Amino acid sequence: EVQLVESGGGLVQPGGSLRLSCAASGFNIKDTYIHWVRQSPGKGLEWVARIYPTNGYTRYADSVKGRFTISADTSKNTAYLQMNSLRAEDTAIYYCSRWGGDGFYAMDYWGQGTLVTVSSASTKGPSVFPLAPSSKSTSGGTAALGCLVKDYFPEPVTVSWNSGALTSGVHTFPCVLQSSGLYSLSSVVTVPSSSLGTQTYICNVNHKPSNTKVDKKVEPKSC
């Protein structure tokens, strides 16, 4: 299986520096081109740089030349992007991809992407509050419950239910940016009304930028 895995994305101040890695497996980067491509609200999908690790030839987008450098270590089957003099407009998901692998003249494998946030704001971990099921969240014999993940920065935060075992009926809403500059989101799940009180429901929240991991049990309220 061909795989590319980016790492190193995170919050960085304007003018600061960050280094991304792209670990390849299932093929040798000596046989392909390796590209970095980013994706942002402002510019969409935007090619950043490429390298041919066999001969070290590199090319760069005009908007990053001099500030970013691409490189590869064939002995670790890994490519890198050094990012200096960072600007707000560099905020993006950074993907690495291969081109020419198996003779296919397109980017046929892309990593999951790593988010880079260029901002002067500080990291903040979220508060996790239950959205308890009640007489106001049930109808037709099913009930909705959830978790409110409030006031964090930067993205990303992840939410699962019952350690990933509960996936059916889950809606994890897209994050919203509050006027405070902090993000918030809710995750809800619909379940049988008859399971409330017998089946445990826990939302597993992870905000890696703050090393915040919260497992919150959600149950009906007392009275």
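All residue numbers refer to positions in the sequence shown, first residue = 1.
Taking the mean C-alpha B-factor of each stretch as recorded, 1-9 and 213-221 are not equal, and the higher mean is that of 213-221. The question of which stretch, 91-99 or 73-81, has the higher mean Cα B factor is settled in favour of 73-81. Residues shown: 154, 42, 169, 66. Highest C-alpha temperature factor in the entry: 42. Residue 17: CA B factor lies in the lowest third for its chain, per the PDB record.
Annotation for residue 137: CA B-factor lies in the lowest third of the chain's modelled residues. Ranked within its chain, residue 129 lands in the middle third, by CA B factor from the PDB record. Ranked by Cα temperature factor within the chain, residue 190 sits in the lowest third according to the deposited record. Ranked within its chain, residue 122 lands in the highest third, by CA B factor from the PDB record.
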